[PDB]
Amino acid sequence: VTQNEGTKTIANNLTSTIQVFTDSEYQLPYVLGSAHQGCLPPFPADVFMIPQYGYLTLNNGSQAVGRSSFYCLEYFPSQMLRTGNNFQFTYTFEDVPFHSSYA
Amino acid sequence: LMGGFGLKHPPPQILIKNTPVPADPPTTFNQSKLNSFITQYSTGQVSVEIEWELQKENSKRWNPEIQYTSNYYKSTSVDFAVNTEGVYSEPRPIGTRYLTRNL
């Protein structure tokens, strides 16, 4: 999107990419499971925007302690994707007890 | 609760004593147990080899961690060394929790 003179113009950049990696080693602060927003909507007809990743560390008020860690996400092997490329990923759950859906 | 590894079958107790060596008994039979013994004690060496399994740190953190270090400042005597009289002393209690990891 190039905003020039009040008139907005949105053109596709075929050579631009996006990086997408999956932390399979759990080396980054796990944020899911805190019941945050930004889920695939429930209704399939609508489009959603992807939430921003941010993490927390130890603190002493608004300050950082010695053990406070800084994780650079650019320090992981991402996978650049142009239009035309796709990202596939598989995962198999460990053995967890059935959820008792009965009274 | 004092720390360590709880074991159901811990290293057994190695018990050791000096076998009694009676002093010269009477020349006439006395049913009473001999209470006179040759004074002795034993010495010798003992080795104990233990193999420990480690779990190497794979931190993908960006900034430096907190290592245990001997403070660089000059002292009268080195820490964890013998003093001028040959008396070895451990100046402080060292724990293990230095490296950090996410929760």
Side-chain angles (χ1 to χ4, degrees), chain A residues 17-40 50-81 85-97 99, chain B residues 1-13 47-103:
Chain A
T17 75
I18 65 166
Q19 316 173 211
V20 46
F21 79 108
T22 172
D23 71 305
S24 309
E25 306 295 307
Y26 310 93
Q27 303 167 65
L28 282 173
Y30 199 73
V31 152
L32 319 179
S34 293
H36 287 304
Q37 312 190 68
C39 267
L40 313 188
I50 302 178
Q52 193 193 334
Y53 182 77
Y55 53 100
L56 294 176
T57 16
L58 297 174
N59 66 298
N60 189 309
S62 66
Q63 290 176 72
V65 176
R67 308 190 164 301
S68 311
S69 56
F70 170 58
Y71 286 90
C72 184
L73 286 263
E74 298 280 7
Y75 191 61
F76 290 72
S78 308
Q79 179 186 312
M80 326 270 270
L81 304 176
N85 292 66
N86 48 276
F87 177 77
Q88 178 82 52
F89 151 79
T90 317
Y91 167 85
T92 170
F93 294 78
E94 55 179 66
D95 217 63
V96 59
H99 178 69
Chain B
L1 298 184
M2 268 164 47
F5 301 92
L7 300 175
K8 287 197 172 63
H9 301 298
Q13 322 185 73
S47 302
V48 187
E49 178 169 57
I50 301 191
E51 178 188 293
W52 307 78
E53 188 175 359
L54 306 166
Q55 193 172 74
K56 199 188 70 299
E57 115 270 48
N58 194 53
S59 59
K60 205 64 169 295
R61 171 178 173 153
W62 177 270
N63 59 142
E65 296 212 52
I66 291 179
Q67 304 293 69
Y68 172 73
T69 161
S70 283
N71 290 163
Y72 207 155
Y73 68 74
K74 52 181 281 286
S75 57
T76 295
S77 59
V78 183
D79 287 307
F80 290 104
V82 289
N83 64 173
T84 186
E85 302 280 295
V87 186
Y88 175 77
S89 61
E90 325 186 68
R92 65 190 58 70
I94 307 170
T96 48
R97 278 59 173 297
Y98 279 96
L99 286 171
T100 56
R101 184 177 191 176
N102 295 310
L103 187 36

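Here is the naming used below: chain letters follow the sequence lines, and residue numbers restart at 1 for every chain.
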Undergrad: Which heavy atom in A:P51 sits nearest to a heavy atom in A:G38, and how many Å separate them?
TA: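 Scanning both residues, the minimum pair turns out to be CD-O, 3.6 Å.
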Undergrad: Is there a donor-acceptor pair closer than 3.5 Å between any side-chain N or O of B:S89 and the backbone N or O of B:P91?
TA: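 No; judged by distance alone, with no hydrogens or angles, the pair does not exist.
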Undergrad: Pick one of side chain, backbone, both or neither for A:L58, based on which atoms fall under 4.5 Å of a heavy atom in chain B.
TA: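 Neither; nothing under 4.5 Å.
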Undergrad: Inter-chain polar pairs, chain B versus chain A: which donor-acceptor atoms lie under 3.5 Å apart?
TA:
| residue | atom | partner | partner atom | Å |
| --- | --- | --- | --- | --- |
| B:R61 | NH2 | A:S68 | O | 3.2 |
| B:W62 | N | A:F70 | O | 2.9 |
| B:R97 | O | A:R67 | NH2 | 3.0 |
| B:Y98 | O | A:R67 | NH1 | 2.7 |
| B:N102 | ND2 | A:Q27 | O | 3.1 |
| B:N102 | ND2 | A:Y71 | OH | 3.2 |

Undergrad: Is the closest side-chain heavy-atom distance between A:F21 and A:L28 below 4.5 Å?
TA: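 The answer is yes, as the side chains (C-beta and beyond) meet within the 4.5 Å cut-off.
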Undergrad: Determine, stepwise, if the pair B:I94 / B:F80 fulfils side chain to side chain contact (heavy atoms under 4.5 Å, CB included).
TA: CA-CA 11 Å; B:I94 307 170; B:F80 290 104; 3.4 Å; yes
Undergrad: Taking CG in A:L56 as the centre, count heavy atoms belonging to other residues, nucleotides or ligands within less than 6.0 Å. Is the count above 12?
TA: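 Open.
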Undergrad: Taking all non-hydrogen atoms of both residues, which atom of B:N83 and which atom of B:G86 are closest, and how far apart?
TA: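 So the minimum-distance heavy-atom pair works out to ND2-N, 3.0 Å.
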